[PDB]
K.L.:
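For reference, the structure I am asking about is given below.
Just so you know, residue 1 is the first one in the sequence shown, and it goes up from there. Ligands are counted one by one from 1 in listed order, and the atoms in each one are counted from 1 as well.
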Amino acid sequence: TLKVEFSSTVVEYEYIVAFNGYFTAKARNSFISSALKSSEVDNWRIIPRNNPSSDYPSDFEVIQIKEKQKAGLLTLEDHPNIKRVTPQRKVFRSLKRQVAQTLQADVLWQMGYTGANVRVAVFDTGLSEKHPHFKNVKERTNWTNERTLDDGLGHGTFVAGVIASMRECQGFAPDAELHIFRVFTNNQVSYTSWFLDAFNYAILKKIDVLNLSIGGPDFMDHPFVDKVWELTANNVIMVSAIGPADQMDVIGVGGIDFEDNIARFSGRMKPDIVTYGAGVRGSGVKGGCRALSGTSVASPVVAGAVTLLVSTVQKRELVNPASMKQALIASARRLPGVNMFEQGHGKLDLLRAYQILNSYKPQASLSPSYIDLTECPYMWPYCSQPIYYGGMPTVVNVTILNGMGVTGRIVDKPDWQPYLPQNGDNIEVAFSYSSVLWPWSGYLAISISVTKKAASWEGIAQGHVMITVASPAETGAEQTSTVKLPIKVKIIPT
Ligand SMILES: *[C@@H]1O[C@H](CO)[C@@H](O)[C@H](O)[C@H]1NC(C)=O
């Protein structure tokens, strides 16, 4: 029903000038003008910005250069304060049941959890001023060149309705504090500078949950991805569709239907989880209800679910991107017969997600939480064949989720411990892994190879890895959480 493609381009002569910090407008201008005094390039100008972030010191600047760009950007990059210069990009988002009760958000509503005092933000095409399905819109800041805060196609209205609503289409969280970020034009066009200014204002606003519908391989570039990491690092639980989502720090979301099938519009394992994204209903542009089926649809489903889950939690101190991701995956109900690269840890379960989140203790975790190369079809393609000595190492890139801190570290070299009675000693596994873990997460890549004594052997070798993640005290002593990763493999003669 609804298809979300993308395309991007670079706009000639315009550059994002990322700074080594957060500067006032004149400081940015003076750094750039000195760096262009050392240089021989004269034909340059700052292309200034009019929006709610213009009233704030910034960590970037948009400039034009037409005469000689290589010398200009090389000289600017060589400026001390100027971290990086990257071209401006132009993206084009091609848009082509009581679900909260079908997930039993009634039971949470019944307890008195509705989304109160949770700032969720929609990075979409806006929300009309006089929509009756909402009660707590706080602001409708704009970031486009179009002079409208309202929604001209609805997608933003549909997303906001699913997250929050009180009418013929019920939203997951009625009492959420809504923040509308019109980052797309009524033609679905945006710019990296628009997104960067909007992300900066989202950081200033301190928005707990962000539903993000921006993708494309080129557009998620160095300033973009860095700003995403900085939001997640500022405790911005981000939710996006896989179609940022496929990054380490964002809750990626896939889409099933109401019969728990994988829909026809549906490395490390992503999505994290799935939920309903076919036949879902949400608010109309001025009013009414409408149903949409597509990949983008489950993302607001999970975003609403997360907003409600955040309201569920007594002490908000414990809610971060990693702990929320951990709950979505631990509570997840596995779909029988779906591999890990379509469903992640299992379709969303709002009530058991609420249960884990209610009992959750700060700790590190792995995704996948175990290795079993003989578990077809979940662990596919690793079960397409067993590991035979003389073959390339089996490499599994494991996400670490450090719910103990935005910064943490592997304390030492992760230890592979084979079971002797189960002849785990017939494999060796090496670790090539990111050392420091930021933000809220890291990675651990494991390269499994059979040993020499079992070149002519057939059977199941087993063992575990004993990793340890440390991160400073967030409450002192480091916060340490050792995590066993069971490993099970079937070996054969070469
Ligand atoms: C694991 O994933 C990360 C992505 O964050 C990547 O940079 C790294 O190279 C991967 N490791 C291996 C061994 O592929």
Side-chain angles (χ1 to χ4, degrees), residues 84 212 214-233 236-254 267-273 320-322 324-326 328-329 339-342 344-345 364-373 379-382 384 387 391-416 427-450 463-469 471 483 485 487 489:
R84 186 185 308 110
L212 193 66
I214 177 64
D218 290 314
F219 197 86
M220 281 108 95
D221 61 8
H222 286 197
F224 187 92
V225 165
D226 282 286
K227 193 56 62 179
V228 169
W229 292 340
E230 188 181 18
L231 295 134
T232 70
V236 172
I237 301 169
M238 178 170 288
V239 175
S240 188
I242 72 199
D246 57 357
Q247 297 193 36
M248 194 142 315
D249 53 327
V250 174
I251 296 169
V253 186
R268 299 160 289 100
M269 64 182 287
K270 284 292 184 154
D272 308 44
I273 58 146
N320 65 65
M324 180 59 57
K325 198 184 272 135
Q326 286 176 325
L328 289 183
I329 55 193
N339 59 52
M340 62 187 342
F341 281 100
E342 276 156 35
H345 287 256
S365 82
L366 313 174
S367 175
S369 56
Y370 62 88
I371 311 293
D372 182 338
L373 313 195
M379 278 270 159
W380 178 279
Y382 304 120
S384 66
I387 66 200
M392 234 69 72
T394 289
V395 181
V396 177
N397 204 343
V398 182
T399 300
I400 313 191
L401 305 178
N402 180 23
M404 308 178 293
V406 69
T407 52
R409 60 190 194 90
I410 316 306
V411 311
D412 81 34
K413 158 248 179 176
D415 288 323
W416 154 249
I427 58 180
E428 64 224 343
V429 193
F431 305 97
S432 305
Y433 57 94
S434 60
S435 62
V436 84
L437 320 182
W438 178 98
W440 299 105
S441 68
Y443 81 64
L444 174 95
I446 67 201
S447 302
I448 301 157
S449 58
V450 194
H464 63 98
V465 182
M466 226 58 179
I467 71 136
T468 309
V469 165
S471 71
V483 174
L485 173 84
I487 308 198
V489 307

K.L.:
Just list the N/O pairs, ligand 1 to protein, that are under 3.5 Å apart, with the distance for each.
P.N.:
from: ligand 1; atom 1: 2 (O); to: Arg268; atom 2: NE; distance (Å): 3.4
from: ligand 1; atom 1: 2 (O); to: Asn397; atom 2: ND2; distance (Å): 2.3
from: ligand 1; atom 1: 11 (N); to: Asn397; atom 2: ND2; distance (Å): 2.9

K.L.:
Kindly check if the number of other-residue, nucleotide or ligand heavy atoms within 6.0 Å of CH2 (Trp438) is above 12?
P.N.:
yes
K.L.:
Can you list everything that forms a side chain to side chain contact (heavy atoms under 4.5 Å, CB included) with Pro439? Sequence neighbours excluded, please.
P.N.:
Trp229, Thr232, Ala233, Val406
K.L.:
State whether the side chain of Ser434 and the backbone N or O of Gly442 hold a donor-acceptor pair below 3.5 Å, judged by distance alone.
P.N.:
no
K.L.:
Measuring from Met466:CE to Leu485:CG, what's the distance to the nearest 0.5 Å?
P.N.:
10.5 Å
K.L.:
Only counting residues at least two apart or in another chain, list the ones meeting side chain to side chain contact (heavy atoms under 4.5 Å, CB included) with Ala241.
P.N.:
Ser299
K.L.:
Just to verify, what does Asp226 make a salt bridge (charged side-chain N to carboxylate O under 4.0 Å, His left out) with, not counting sequence neighbours?
P.N.:
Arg84
